[PDB]
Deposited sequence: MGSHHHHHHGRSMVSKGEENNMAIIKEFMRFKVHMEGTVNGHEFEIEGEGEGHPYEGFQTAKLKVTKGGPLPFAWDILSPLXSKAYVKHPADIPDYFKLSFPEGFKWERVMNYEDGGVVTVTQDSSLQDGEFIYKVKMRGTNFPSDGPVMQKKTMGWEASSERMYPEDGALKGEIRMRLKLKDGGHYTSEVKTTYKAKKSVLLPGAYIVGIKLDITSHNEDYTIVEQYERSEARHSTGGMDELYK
């Protein structure tokens, strides 16, 4: 009754990437029990961004479809919600660090995101805007030290046909005691469905579903 079959969200992000300061404000909506969501984002400070939008898109776990037999840590955390901290280590030394708060206010999810990105090479695909969206990912979720930890090897498509990899670690922490699942996998596909000419208005789509592992966690 706390999380309805349809839920909206608002997101505010503040960040710096290689020293470039920016802010994003957005609104999203989706069906949390179906693993479907969309969002429309606006760059409100620092636009147009001089780097690939794709590094920001993975910066909304309440909208993961969980089978009944896998406890849903994220949904169970509400109304209080949860928080997360993440490091994304890109293969060329680029690094993004993130904090996030997820709350429920006035019947919608509220996401506050703070991030810092550094060491993206000036001639690399992020600063040269040569990326073309993320391949589908498998986030391996593990209960550890009283939290849920996620690990991902993520692959960003490049305009030239190759891929640019990021090793991701996240700690997700509920704001109250919640039943922890065993270790499991969240399958994720995120698309940038539309954008204006300078990526100051961007729309995203994401589908996510939890599953049991088959081969070793």
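Within the chain's deposited sequence, the coordinate-free stretches run 1 to 22, 82, 241 to 245 in sequence order.
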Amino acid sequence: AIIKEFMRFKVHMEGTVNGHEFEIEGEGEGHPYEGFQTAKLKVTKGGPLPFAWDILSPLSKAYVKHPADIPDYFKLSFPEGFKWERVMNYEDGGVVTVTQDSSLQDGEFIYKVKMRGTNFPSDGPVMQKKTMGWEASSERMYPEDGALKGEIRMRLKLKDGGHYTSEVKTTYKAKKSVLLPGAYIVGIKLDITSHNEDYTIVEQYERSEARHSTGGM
From here on, numbers count along this sequence of modelled residues.
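When the two stretches 63 to 71 and 183 to 191 are set side by side, the higher mean Cα temperature factor goes to 63 to 71. Looking at mean Cα B-factors across 88 to 96 and 139 to 147, the upper value is held by 139 to 147. Per the deposited coordinates, the residue with the largest Cα temperature factor out of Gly107, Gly117, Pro121, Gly81 is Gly107. In the deposited entry, the Cα temperature factor of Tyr164 places it in the middle third of its chain's modelled residues. The PDB entry assigns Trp53 a C-alpha temperature factor belonging to the lowest third of its chain's modelled residues.
When the modelled residues of the chain are ordered by their C-alpha B factor, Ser208 lands in the highest third. For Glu23, the recorded CA temperature factor ranks within the lowest third of the chain's modelled residues. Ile152: CA B factor lies in the middle third for its chain, per the PDB record.
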